[PDB]
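Q: start.csv is reproduced in full below (CSV, C-alpha atoms and all ligand atoms).
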```csv
chain,number,residue,atom,x,y,z
A,145,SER,CA,0.0,0.0,0.0
A,146,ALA,CA,2.9,2.4,0.8
A,147,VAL,CA,4.4,0.8,-2.4
A,148,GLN,CA,1.5,2.2,-4.5
A,149,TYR,CA,1.8,5.5,-2.7
A,150,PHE,CA,5.4,6.2,-3.8
A,151,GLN,CA,4.9,4.8,-7.3
A,152,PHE,CA,2.3,7.5,-7.8
A,153,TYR,CA,4.8,10.2,-7.0
A,154,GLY,CA,7.3,8.8,-9.6
A,155,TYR,CA,5.3,10.2,-12.5
A,156,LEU,CA,6.4,13.5,-14.0
A,157,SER,CA,2.7,14.0,-15.0
A,158,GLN,CA,1.9,14.1,-11.3
A,159,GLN,CA,4.7,16.5,-10.6
A,160,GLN,CA,3.5,18.6,-13.5
A,161,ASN,CA,0.0,18.6,-12.0
A,162,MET,CA,1.5,20.1,-8.8
A,163,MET,CA,3.8,22.6,-10.5
A,164,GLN,CA,1.0,23.9,-12.7
A,165,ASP,CA,-1.0,24.9,-9.6
A,166,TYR,CA,0.1,28.5,-9.8
A,167,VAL,CA,-1.3,29.3,-6.3
A,168,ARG,CA,0.8,26.5,-4.8
A,169,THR,CA,4.0,27.1,-6.7
A,170,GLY,CA,3.9,30.9,-6.7
A,171,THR,CA,3.1,31.1,-3.0
A,172,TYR,CA,6.0,28.8,-2.0
A,173,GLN,CA,8.3,30.9,-4.2
A,174,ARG,CA,7.1,34.1,-2.5
A,175,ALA,CA,7.4,32.5,1.0
A,176,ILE,CA,11.0,31.5,0.4
A,177,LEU,CA,12.3,34.4,-1.6
A,178,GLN,CA,10.7,37.2,0.4
A,179,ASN,CA,12.2,35.6,3.6
A,180,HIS,CA,15.7,35.4,2.0
A,181,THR,CA,17.3,36.0,5.5
A,182,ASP,CA,15.8,32.6,6.6
A,183,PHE,CA,17.8,31.0,3.7
A,184,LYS,CA,20.9,33.1,2.9
A,185,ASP,CA,23.9,30.8,3.6
A,186,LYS,CA,21.8,28.4,5.8
A,187,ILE,CA,21.4,24.6,5.7
A,188,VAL,CA,18.0,23.4,4.4
A,189,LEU,CA,16.3,20.1,4.5
A,190,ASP,CA,13.6,19.6,1.8
A,191,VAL,CA,11.4,16.7,2.8
A,192,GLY,CA,9.8,14.9,-0.1
A,193,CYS,CA,11.3,17.1,-2.8
A,194,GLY,CA,9.8,15.4,-5.8
A,195,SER,CA,11.3,17.1,-8.9
A,196,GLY,CA,13.2,19.5,-6.5
A,197,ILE,CA,11.4,22.8,-7.2
A,198,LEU,CA,11.4,24.0,-3.6
A,199,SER,CA,15.1,23.2,-3.3
A,200,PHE,CA,15.7,25.5,-6.3
A,201,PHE,CA,13.7,28.2,-4.6
A,202,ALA,CA,15.9,27.8,-1.5
A,203,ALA,CA,19.0,28.0,-3.8
A,204,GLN,CA,17.6,31.1,-5.4
A,205,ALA,CA,17.2,32.6,-1.9
A,206,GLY,CA,20.9,32.0,-1.1
A,207,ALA,CA,21.0,28.8,0.9
A,208,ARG,CA,24.5,27.2,1.0
A,209,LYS,CA,23.4,23.6,1.4
A,210,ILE,CA,20.1,21.8,0.7
A,211,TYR,CA,19.5,18.2,1.4
A,212,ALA,CA,16.6,17.1,-0.8
A,213,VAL,CA,15.1,13.8,0.4
A,214,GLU,CA,12.8,11.8,-1.9
A,215,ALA,CA,11.5,8.2,-1.6
A,216,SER,CA,9.9,7.8,-5.1
A,217,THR,CA,11.9,7.2,-8.2
A,218,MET,CA,11.3,10.9,-8.9
A,219,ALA,CA,14.6,11.4,-6.9
A,220,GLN,CA,16.5,10.3,-10.0
A,221,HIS,CA,14.9,13.0,-12.1
A,222,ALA,CA,15.6,15.5,-9.4
A,223,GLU,CA,19.3,14.8,-9.5
A,224,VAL,CA,19.2,15.3,-13.3
A,225,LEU,CA,17.7,18.7,-12.7
A,226,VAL,CA,20.5,19.6,-10.2
A,227,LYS,CA,23.2,18.7,-12.7
A,228,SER,CA,21.6,20.5,-15.6
A,229,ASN,CA,21.1,23.5,-13.4
A,230,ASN,CA,24.7,23.6,-12.3
A,231,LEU,CA,23.8,23.2,-8.6
A,232,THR,CA,25.6,20.0,-7.6
A,233,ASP,CA,27.6,22.1,-5.2
A,234,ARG,CA,24.6,23.2,-3.1
A,235,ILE,CA,21.8,20.6,-3.6
A,236,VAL,CA,22.3,17.0,-2.5
A,237,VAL,CA,19.5,14.6,-3.4
A,238,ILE,CA,19.3,11.8,-0.8
A,239,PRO,CA,17.0,9.0,-2.0
A,240,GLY,CA,14.8,7.3,0.6
A,241,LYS,CA,12.4,7.9,3.4
A,242,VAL,CA,13.2,10.8,5.8
A,243,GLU,CA,12.8,8.2,8.6
A,244,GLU,CA,15.6,6.0,7.2
A,245,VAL,CA,18.2,8.3,5.4
A,246,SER,CA,21.2,9.8,7.1
A,247,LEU,CA,21.8,13.5,7.1
A,248,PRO,CA,25.5,14.5,7.4
A,249,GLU,CA,24.5,17.5,9.7
A,250,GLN,CA,21.7,19.4,11.4
A,251,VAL,CA,19.8,22.0,9.4
A,252,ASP,CA,18.6,25.5,10.0
A,253,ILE,CA,15.2,25.3,8.2
A,254,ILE,CA,12.9,22.4,7.0
A,255,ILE,CA,10.8,23.0,3.9
A,256,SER,CA,8.2,20.6,2.5
A,257,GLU,CA,4.8,20.3,0.9
A,258,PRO,CA,3.1,17.7,3.1
A,259,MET,CA,-0.5,18.9,2.8
A,260,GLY,CA,-3.0,16.3,1.5
A,261,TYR,CA,-6.8,16.7,1.1
A,262,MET,CA,-8.2,18.1,4.3
A,263,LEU,CA,-4.5,18.9,5.2
A,264,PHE,CA,-3.9,15.5,6.8
A,265,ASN,CA,-4.5,13.1,4.0
A,266,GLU,CA,-1.5,10.9,2.9
A,267,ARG,CA,0.0,11.3,6.5
A,268,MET,CA,3.0,13.2,5.1
A,269,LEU,CA,2.9,15.6,8.0
A,270,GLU,CA,4.3,12.7,10.1
A,271,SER,CA,7.4,12.6,8.0
A,272,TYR,CA,7.6,16.4,8.2
A,273,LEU,CA,7.5,16.4,12.0
A,274,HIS,CA,9.8,13.4,12.2
A,275,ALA,CA,12.4,15.4,10.2
A,276,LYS,CA,12.6,17.7,13.2
A,277,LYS,CA,15.2,15.3,14.6
A,278,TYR,CA,17.5,17.1,12.2
A,279,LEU,CA,16.4,20.7,13.0
A,280,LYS,CA,18.8,22.8,15.1
A,281,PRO,CA,17.4,24.5,18.1
A,282,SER,CA,15.6,27.6,17.0
A,283,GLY,CA,15.4,26.1,13.5
A,284,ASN,CA,12.4,27.1,11.4
A,285,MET,CA,9.6,25.1,9.6
A,286,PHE,CA,8.2,26.2,6.2
A,287,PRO,CA,5.3,25.8,6.4
A,288,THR,CA,5.2,26.8,10.1
A,289,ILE,CA,1.5,26.2,11.0
A,290,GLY,CA,-1.6,24.6,9.5
A,291,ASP,CA,-5.2,25.6,10.1
A,292,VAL,CA,-8.1,23.2,9.3
A,293,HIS,CA,-11.4,24.9,8.9
A,294,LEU,CA,-14.8,23.1,9.4
A,295,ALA,CA,-18.2,24.6,8.5
A,296,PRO,CA,-21.7,23.3,8.2
A,297,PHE,CA,-23.3,23.4,4.7
A,298,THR,CA,-26.6,22.9,3.0
A,299,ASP,CA,-26.6,21.1,-0.4
A,300,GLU,CA,-29.8,19.2,-1.1
A,301,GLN,CA,-28.6,18.1,-4.5
A,302,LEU,CA,-25.4,16.6,-3.3
A,303,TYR,CA,-27.3,14.7,-0.6
A,304,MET,CA,-30.0,13.4,-3.0
A,305,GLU,CA,-27.5,12.2,-5.7
A,306,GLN,CA,-26.2,9.7,-3.2
A,307,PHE,CA,-29.6,8.0,-3.1
A,308,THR,CA,-30.1,8.3,-6.9
A,309,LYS,CA,-26.9,6.4,-7.2
A,310,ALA,CA,-27.7,3.6,-4.7
A,311,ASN,CA,-31.2,3.2,-5.9
A,312,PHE,CA,-29.8,1.3,-8.9
A,313,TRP,CA,-29.9,-1.6,-6.4
A,314,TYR,CA,-33.6,-1.1,-5.5
A,315,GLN,CA,-34.9,-3.1,-8.5
A,316,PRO,CA,-36.8,-6.4,-8.0
A,317,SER,CA,-35.8,-7.6,-11.5
A,318,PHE,CA,-32.6,-6.3,-12.9
A,319,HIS,CA,-32.3,-8.8,-15.8
A,320,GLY,CA,-34.5,-11.0,-13.7
A,321,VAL,CA,-32.4,-10.7,-10.5
A,322,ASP,CA,-33.7,-9.0,-7.3
A,323,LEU,CA,-31.0,-6.6,-6.2
A,324,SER,CA,-32.9,-4.7,-3.5
A,325,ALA,CA,-31.3,-6.5,-0.6
A,326,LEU,CA,-28.0,-4.6,-1.4
A,327,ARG,CA,-29.6,-1.1,-1.4
A,328,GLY,CA,-28.5,-0.3,2.2
A,329,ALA,CA,-25.0,-1.5,1.7
A,330,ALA,CA,-24.7,0.6,-1.4
A,331,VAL,CA,-26.1,3.6,0.4
A,332,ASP,CA,-23.6,3.0,3.2
A,333,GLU,CA,-20.7,2.8,0.8
A,334,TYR,CA,-21.5,6.1,-1.0
A,335,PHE,CA,-21.9,8.1,2.2
A,336,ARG,CA,-18.5,6.9,3.5
A,337,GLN,CA,-16.9,8.8,0.7
A,338,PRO,CA,-15.6,12.3,1.3
A,339,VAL,CA,-16.6,14.5,-1.7
A,340,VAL,CA,-13.8,16.4,-3.3
A,341,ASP,CA,-15.1,19.4,-5.2
A,342,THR,CA,-15.4,23.1,-4.9
A,343,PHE,CA,-18.7,25.0,-4.1
A,344,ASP,CA,-20.3,28.3,-3.8
A,345,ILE,CA,-19.7,29.9,-0.3
A,346,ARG,CA,-23.4,30.6,0.0
A,347,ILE,CA,-24.0,26.9,0.9
A,348,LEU,CA,-22.1,27.6,4.2
A,349,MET,CA,-24.5,28.1,7.1
A,350,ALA,CA,-22.2,29.3,9.9
A,351,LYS,CA,-18.7,30.8,10.4
A,352,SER,CA,-16.0,28.1,10.3
A,353,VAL,CA,-14.2,26.6,13.3
A,354,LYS,CA,-10.4,26.5,13.1
A,355,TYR,CA,-8.1,23.8,14.4
A,356,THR,CA,-4.4,24.7,14.4
A,357,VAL,CA,-1.4,22.5,14.2
A,358,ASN,CA,1.9,24.3,15.1
A,359,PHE,CA,4.5,22.4,13.3
A,360,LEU,CA,7.3,23.9,15.4
A,361,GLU,CA,5.7,22.3,18.5
A,362,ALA,CA,3.8,19.2,17.3
A,363,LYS,CA,5.2,15.7,17.7
A,364,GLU,CA,4.6,13.0,15.2
A,365,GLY,CA,2.3,11.0,17.5
A,366,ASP,CA,0.0,14.1,17.8
A,367,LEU,CA,-1.3,13.3,14.3
A,368,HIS,CA,-2.4,9.7,14.9
A,369,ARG,CA,-5.6,11.0,16.5
A,370,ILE,CA,-7.1,14.4,16.0
A,371,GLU,CA,-10.1,15.5,18.0
A,372,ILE,CA,-11.8,18.6,16.7
A,373,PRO,CA,-14.8,19.7,18.9
A,374,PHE,CA,-17.0,22.3,17.3
A,375,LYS,CA,-19.8,24.6,18.3
A,376,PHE,CA,-21.4,26.4,15.3
A,377,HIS,CA,-23.6,29.4,15.7
A,378,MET,CA,-26.0,29.1,12.8
A,379,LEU,CA,-26.2,32.2,10.5
A,380,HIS,CA,-28.9,30.7,8.2
A,381,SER,CA,-31.9,28.5,8.7
A,382,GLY,CA,-32.1,25.2,6.8
A,383,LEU,CA,-31.1,21.6,6.6
A,384,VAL,CA,-27.4,20.9,7.4
A,385,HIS,CA,-26.3,18.1,5.1
A,386,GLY,CA,-22.7,17.8,6.5
A,387,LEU,CA,-19.4,19.5,7.1
A,388,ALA,CA,-17.1,21.2,4.6
A,389,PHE,CA,-13.3,21.2,5.2
A,390,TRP,CA,-10.5,23.3,3.9
A,391,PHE,CA,-7.1,24.4,5.1
A,392,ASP,CA,-4.5,27.2,5.3
A,393,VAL,CA,-0.8,27.0,6.0
A,394,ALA,CA,1.4,29.9,7.0
A,395,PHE,CA,5.1,30.4,6.4
A,396,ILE,CA,6.2,32.5,9.4
A,397,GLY,CA,9.5,34.0,8.2
A,398,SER,CA,11.8,36.6,9.8
A,399,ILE,CA,10.7,39.3,7.3
A,400,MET,CA,7.1,38.3,6.8
A,401,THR,CA,4.3,35.7,7.0
A,402,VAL,CA,3.1,34.4,3.7
A,403,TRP,CA,-0.3,32.5,3.7
A,404,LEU,CA,-1.3,29.6,1.4
A,405,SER,CA,-5.1,29.2,1.6
A,406,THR,CA,-7.4,26.6,0.0
A,407,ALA,CA,-10.6,28.3,1.3
A,408,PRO,CA,-13.7,28.5,-1.0
A,409,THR,CA,-13.3,32.3,-1.0
A,410,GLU,CA,-9.9,31.9,-2.6
A,411,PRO,CA,-8.8,30.9,-6.1
A,412,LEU,CA,-9.1,27.1,-6.7
A,413,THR,CA,-6.1,24.9,-6.1
A,414,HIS,CA,-5.6,21.2,-6.9
A,415,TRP,CA,-6.7,20.5,-3.2
A,416,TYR,CA,-10.2,21.9,-3.9
A,417,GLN,CA,-12.3,21.5,-0.7
A,418,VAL,CA,-13.7,18.4,1.0
A,419,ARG,CA,-17.3,17.7,2.2
A,420,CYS,CA,-18.6,14.9,4.4
A,421,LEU,CA,-22.3,14.2,4.5
A,422,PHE,CA,-24.3,13.3,7.5
A,423,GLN,CA,-26.3,10.1,7.4
A,424,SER,CA,-29.4,12.3,8.0
A,425,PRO,CA,-29.7,16.0,7.6
A,426,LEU,CA,-30.4,18.3,10.6
A,427,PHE,CA,-32.7,21.3,10.7
A,428,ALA,CA,-31.3,24.4,12.4
A,429,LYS,CA,-32.8,27.9,12.7
A,430,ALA,CA,-30.6,30.9,12.4
A,431,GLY,CA,-29.4,31.4,16.0
A,432,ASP,CA,-29.4,27.7,16.9
A,433,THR,CA,-26.1,26.0,17.9
A,434,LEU,CA,-24.8,22.9,16.1
A,435,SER,CA,-22.3,21.1,18.3
A,436,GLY,CA,-20.3,18.0,18.1
A,437,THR,CA,-17.0,16.4,17.3
A,438,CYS,CA,-14.9,15.5,14.3
A,439,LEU,CA,-12.5,12.7,15.2
A,440,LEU,CA,-9.7,11.8,12.7
A,441,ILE,CA,-8.0,8.5,13.3
A,442,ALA,CA,-5.0,7.5,11.2
A,443,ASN,CA,-5.4,4.2,9.4
A,444,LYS,CA,-3.3,1.6,7.5
A,445,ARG,CA,-3.8,3.2,4.1
A,446,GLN,CA,-1.8,6.4,4.7
A,447,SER,CA,-5.1,8.1,5.4
A,448,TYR,CA,-7.7,8.7,8.1
A,449,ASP,CA,-11.0,7.4,9.3
A,450,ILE,CA,-13.3,10.4,9.9
A,451,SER,CA,-15.9,10.2,12.6
A,452,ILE,CA,-18.4,13.0,12.9
A,453,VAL,CA,-21.1,13.4,15.5
A,454,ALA,CA,-23.3,16.5,15.4
A,455,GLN,CA,-26.4,17.7,17.2
A,456,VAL,CA,-28.7,20.7,17.3
A,457,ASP,CA,-28.6,21.9,20.9
A,458,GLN,CA,-32.0,23.6,20.8
A,459,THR,CA,-33.7,20.5,19.4
A,460,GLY,CA,-31.7,17.3,20.3
A,461,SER,CA,-31.7,16.2,16.7
A,462,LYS,CA,-28.5,14.3,16.3
A,463,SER,CA,-26.6,12.7,13.4
A,464,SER,CA,-23.4,11.1,12.6
A,465,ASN,CA,-21.2,9.5,10.0
A,466,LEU,CA,-18.0,7.6,9.7
A,467,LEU,CA,-16.0,8.3,6.5
A,468,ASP,CA,-12.8,6.9,5.0
A,469,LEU,CA,-10.6,9.5,3.3
A,470,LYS,CA,-8.7,6.9,1.3
A,471,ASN,CA,-11.8,6.4,-1.1
A,472,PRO,CA,-12.9,10.0,-1.9
A,473,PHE,CA,-15.4,10.8,-4.6
A,474,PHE,CA,-13.9,13.3,-7.1
A,475,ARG,CA,-17.0,15.1,-8.1
A,476,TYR,CA,-15.3,18.0,-9.8
B,1,LIG,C1,4.6,17.0,-2.8
B,1,LIG,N1,3.5,16.7,-2.0
B,1,LIG,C2,2.3,17.3,-2.6
B,1,LIG,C3,1.0,16.5,-2.3
B,1,LIG,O1,0.7,16.8,-0.9
B,1,LIG,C4,-0.2,17.0,-3.2
B,1,LIG,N2,-1.3,16.3,-3.0
B,1,LIG,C5,-2.5,17.0,-3.2
B,1,LIG,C6,-3.8,16.2,-3.3
B,1,LIG,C7,-4.1,15.8,-4.8
B,1,LIG,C8,-2.9,15.6,-5.7
B,1,LIG,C9,-3.0,15.6,-7.2
B,1,LIG,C10,-2.0,15.4,-8.1
B,1,LIG,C11,-0.7,15.1,-7.6
B,1,LIG,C12,-0.5,15.0,-6.1
B,1,LIG,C13,-1.6,15.2,-5.2
B,1,LIG,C14,-1.3,15.1,-3.7
```
Once more with this new file: its structure as structure tokens, please.
Ligand SMILES: CNC[C@@H](O)CN1CCCc2ccccc2C1
A:
Amino acid sequence: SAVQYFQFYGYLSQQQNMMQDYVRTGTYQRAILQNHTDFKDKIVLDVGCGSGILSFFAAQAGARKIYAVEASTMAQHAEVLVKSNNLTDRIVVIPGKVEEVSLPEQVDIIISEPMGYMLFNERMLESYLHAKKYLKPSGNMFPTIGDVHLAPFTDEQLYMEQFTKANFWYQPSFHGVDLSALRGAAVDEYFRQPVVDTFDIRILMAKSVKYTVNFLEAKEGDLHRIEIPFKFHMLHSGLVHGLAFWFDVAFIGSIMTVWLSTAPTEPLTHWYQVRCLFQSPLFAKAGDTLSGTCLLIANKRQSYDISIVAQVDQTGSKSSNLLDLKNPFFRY
């Protein structure tokens, strides 16, 4: 399963998909170059460098030595880019997992792009935090912090489409076969899929809750289990069909903080946004409070189980769902 995960990152087409996200690439370049004093003549560790583009940005900012660590066979293409760019003196590509490789020295700054869907998908943040064993005291992290946002949404058409799909199985004679006994299992399977898509911000029914991970302070085991209580104060009346998720990360440099946002108010990125449906919708009047917990539990497939319990406090109407982020539905 981890084998499949790294093979995916060995394709230049996948690297190209990430590089052509101008929000992503341009913000990292701004973050590094406009904080050139965090890089001028320092030692840099680039965790999961892929083609090496962030290592070149750190070179452009004046770093004297960058260790670029990469587990996929993309590391071979990265070394070709270091030669052809005449940077063999300053960029050393180290093939392997950051947990296994040897660094020759401690570093001043760690750079990486370890954000998956919903921030945490693919569990790359664990490698990122694990690399802190090479960070000097008062070293920096780029990105420095991550904010997950949660917000309730209404989207009757997204909810209904799940049943339209599963009702294929509610047929007493599909070519003469009664399929209806599998309707519930099919419904169950569709609702366990987080929906990757963007959406109009007017579907949001309350201001988002924010959960912050400080990468300078977090330990790797802090990401095995992530409990996010929420209390939403409903700004609109309607049926809540589930929770929408997006994230921001900040690069907190000596000169300035640069923000990379995937919010639905911001230009689209290849992370889009993520929505998780409730099993049953919940009615809330403007002014009601929607309260509950989102519990992320790391699983065997480099991903998370998502457990969401929610209730309308004024009413007692409760709903839940348990989702698996490894099998998302790409609706865009
Ligand atoms: C370097 N690490 C970036 C990774 O975190 C980006 N990921 C974003 C989610 C979707 C996606 C689409 C195409 C290629 C890769 C990915 C994964």
Q: With distances taken over all atoms listed in the file, which residue among A:418, A:357, A:187, A:367 lies nearest ligand LIG 1 (chain B)?
A: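 For ligand LIG 1 (chain B), the nearest of the given residues is A:418.
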Q: Enumerate residues in contact with ligand LIG 1 (chain B): an atom-to-atom distance of at most 10 Å, counting all atoms listed in the file. Format the result as an mmCIF file with C-alpha atoms, in the coordinates of the input.
A:
```
data_model
loop_
_atom_site.group_PDB
_atom_site.id
_atom_site.type_symbol
_atom_site.label_atom_id
_atom_site.label_comp_id
_atom_site.auth_asym_id
_atom_site.auth_seq_id
_atom_site.Cartn_x
_atom_site.Cartn_y
_atom_site.Cartn_z
ATOM 1 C CA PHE A 152 2.300 7.500 -7.800
ATOM 2 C CA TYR A 153 4.800 10.200 -7.000
ATOM 3 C CA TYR A 155 5.300 10.200 -12.500
ATOM 4 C CA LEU A 156 6.400 13.500 -14.000
ATOM 5 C CA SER A 157 2.700 14.000 -15.000
ATOM 6 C CA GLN A 158 1.900 14.100 -11.300
ATOM 7 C CA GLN A 159 4.700 16.500 -10.600
ATOM 8 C CA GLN A 160 3.500 18.600 -13.500
ATOM 9 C CA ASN A 161 0.000 18.600 -12.000
ATOM 10 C CA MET A 162 1.500 20.100 -8.800
ATOM 11 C CA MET A 163 3.800 22.600 -10.500
ATOM 12 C CA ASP A 165 -1.000 24.900 -9.600
ATOM 13 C CA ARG A 168 0.800 26.500 -4.800
ATOM 14 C CA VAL A 191 11.400 16.700 2.800
ATOM 15 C CA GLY A 192 9.800 14.900 -0.100
ATOM 16 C CA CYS A 193 11.300 17.100 -2.800
ATOM 17 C CA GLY A 194 9.800 15.400 -5.800
ATOM 18 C CA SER A 195 11.300 17.100 -8.900
ATOM 19 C CA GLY A 196 13.200 19.500 -6.500
ATOM 20 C CA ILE A 197 11.400 22.800 -7.200
ATOM 21 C CA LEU A 198 11.400 24.000 -3.600
ATOM 22 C CA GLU A 214 12.800 11.800 -1.900
ATOM 23 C CA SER A 256 8.200 20.600 2.500
ATOM 24 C CA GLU A 257 4.800 20.300 0.900
ATOM 25 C CA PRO A 258 3.100 17.700 3.100
ATOM 26 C CA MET A 259 -0.500 18.900 2.800
ATOM 27 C CA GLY A 260 -3.000 16.300 1.500
ATOM 28 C CA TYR A 261 -6.800 16.700 1.100
ATOM 29 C CA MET A 262 -8.200 18.100 4.300
ATOM 30 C CA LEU A 263 -4.500 18.900 5.200
ATOM 31 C CA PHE A 264 -3.900 15.500 6.800
ATOM 32 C CA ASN A 265 -4.500 13.100 4.000
ATOM 33 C CA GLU A 266 -1.500 10.900 2.900
ATOM 34 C CA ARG A 267 0.000 11.300 6.500
ATOM 35 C CA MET A 268 3.000 13.200 5.100
ATOM 36 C CA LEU A 269 2.900 15.600 8.000
ATOM 37 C CA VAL A 340 -13.800 16.400 -3.300
ATOM 38 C CA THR A 413 -6.100 24.900 -6.100
ATOM 39 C CA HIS A 414 -5.600 21.200 -6.900
ATOM 40 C CA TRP A 415 -6.700 20.500 -3.200
ATOM 41 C CA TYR A 416 -10.200 21.900 -3.900
#
```
Q: Find, counting all atoms listed in the file, the residue in A:472, A:382, A:460, A:397 that gets nearest to residue 287 (chain A).
A: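 The answer is A:397, which sits nearest to residue 287 (chain A).
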Q: Taking 3 positions as the minimum chain separation for residues in the same chain, which residues sit within 12 Å of residue 210 (chain A) when counting all atoms listed in the file? Answer as number ranges by chain.
A: A: 183-191, 193, 196-207, 213, 226, 231-238, 247-255
Q: If you measure from CA of residue 389 (chain A) to CA of residue 377 (chain A), what distance in Å do you get, rounded to one decimal?
A: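 Pair CA of residue 389 (chain A) / CA of residue 377 (chain A) returns 16.8 Å.
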Q: Closest to residue 380 (chain A) among A:352, A:298, A:311, A:405, using all atoms listed in the file?
A: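 Result for the nearest residue to residue 380 (chain A): A:298.
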Q: How far is it from CA of residue 378 (chain A) to CA of residue 296 (chain A), in Å with one decimal?
A: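 Separating CA of residue 378 (chain A) from CA of residue 296 (chain A) is a distance of 8.6 Å.
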Q: What does the distance between CA of residue 288 (chain A) and CA of residue 450 (chain A) come to in Å, to one decimal place?
A: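 Atom-to-atom, CA of residue 288 (chain A) and CA of residue 450 (chain A) are spaced 24.7 Å apart.
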Q: With a cut-off of 10 Å, could you pull out the residues of region 369-469 of chain A touching region 300-307 of chain A and give me the nearest pair of atoms for each, distance in Å to one decimal, using only C-alpha atoms, ordered by chain and ascending number, as JSON lines?
A:
```
{"residue": "A:383", "atom": "CA", "partner": "A:300", "partner_atom": "CA", "distance": 8.2}
{"residue": "A:384", "atom": "CA", "partner": "A:300", "partner_atom": "CA", "distance": 9.0}
{"residue": "A:385", "atom": "CA", "partner": "A:303", "partner_atom": "CA", "distance": 6.7}
{"residue": "A:386", "atom": "CA", "partner": "A:303", "partner_atom": "CA", "distance": 9.0}
{"residue": "A:419", "atom": "CA", "partner": "A:302", "partner_atom": "CA", "distance": 9.9}
{"residue": "A:421", "atom": "CA", "partner": "A:303", "partner_atom": "CA", "distance": 7.2}
{"residue": "A:422", "atom": "CA", "partner": "A:303", "partner_atom": "CA", "distance": 8.8}
{"residue": "A:423", "atom": "CA", "partner": "A:303", "partner_atom": "CA", "distance": 9.3}
{"residue": "A:424", "atom": "CA", "partner": "A:303", "partner_atom": "CA", "distance": 9.2}
{"residue": "A:425", "atom": "CA", "partner": "A:303", "partner_atom": "CA", "distance": 8.6}
```
Q: Just want the 8 Å neighbourhood of residue 150 (chain A), counted on all atoms listed in the file, with same-chain residues fewer than 2 positions away dropped. Output as number ranges by chain.
A: A: 146-148, 152-154, 215-217
Q: Find the residue from A:292, A:396, A:167, A:452 that sits nearest to residue 466 (chain A); use all atoms listed in the file when measuring.
A: A:452
Q: Taking all atoms listed in the file into account, name the residue in A:350, A:323, A:224, A:242 that is nearest to residue 211 (chain A).
A: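 Ranked by minimum distance to residue 211 (chain A), first place goes to A:242.
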Q: In terms of the shortest atom-to-atom distance over all atoms listed in the file, which of A:310, A:289, A:370, A:362 is closest to residue 273 (chain A)?
A: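 Distance minimum relative to residue 273 (chain A) lands on A:362.
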Q: Can you pull out every residue within 12 Å of residue 363 (chain A), counting all atoms listed in the file, but drop anything in the same chain fewer than 4 positions away, and send it as a ChimeraX atom specification?
A: /A:269-277,357-359,367-369
Q: Those residues with C-alpha atoms, as a PDB file, keeping the file's coordinate frame please?
A:
```pdb
ATOM      1  CA  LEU A 269       2.900  15.600   8.000  1.00  0.00           C
ATOM      2  CA  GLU A 270       4.300  12.700  10.100  1.00  0.00           C
ATOM      3  CA  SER A 271       7.400  12.600   8.000  1.00  0.00           C
ATOM      4  CA  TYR A 272       7.600  16.400   8.200  1.00  0.00           C
ATOM      5  CA  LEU A 273       7.500  16.400  12.000  1.00  0.00           C
ATOM      6  CA  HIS A 274       9.800  13.400  12.200  1.00  0.00           C
ATOM      7  CA  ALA A 275      12.400  15.400  10.200  1.00  0.00           C
ATOM      8  CA  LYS A 276      12.600  17.700  13.200  1.00  0.00           C
ATOM      9  CA  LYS A 277      15.200  15.300  14.600  1.00  0.00           C
ATOM     10  CA  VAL A 357      -1.400  22.500  14.200  1.00  0.00           C
ATOM     11  CA  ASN A 358       1.900  24.300  15.100  1.00  0.00           C
ATOM     12  CA  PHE A 359       4.500  22.400  13.300  1.00  0.00           C
ATOM     13  CA  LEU A 367      -1.300  13.300  14.300  1.00  0.00           C
ATOM     14  CA  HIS A 368      -2.400   9.700  14.900  1.00  0.00           C
ATOM     15  CA  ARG A 369      -5.600  11.000  16.500  1.00  0.00           C
TER      16      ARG A 369
END
```
Q: Dig up all the protein and nucleic acid residues within 12 Å of (-18.8, 2.2, 0.4) in the file frame, using all atoms listed in the file, and format them as a list in words.
A: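 I get residues 306, 309, 310, 326, 327, 328, 329, 330, 331, 332, 333, 334, 335, 336, 337, 338, 466, 467, 468, 469, 470, 471, 472 and 473 of chain A for the residues within 12 Å of that point.
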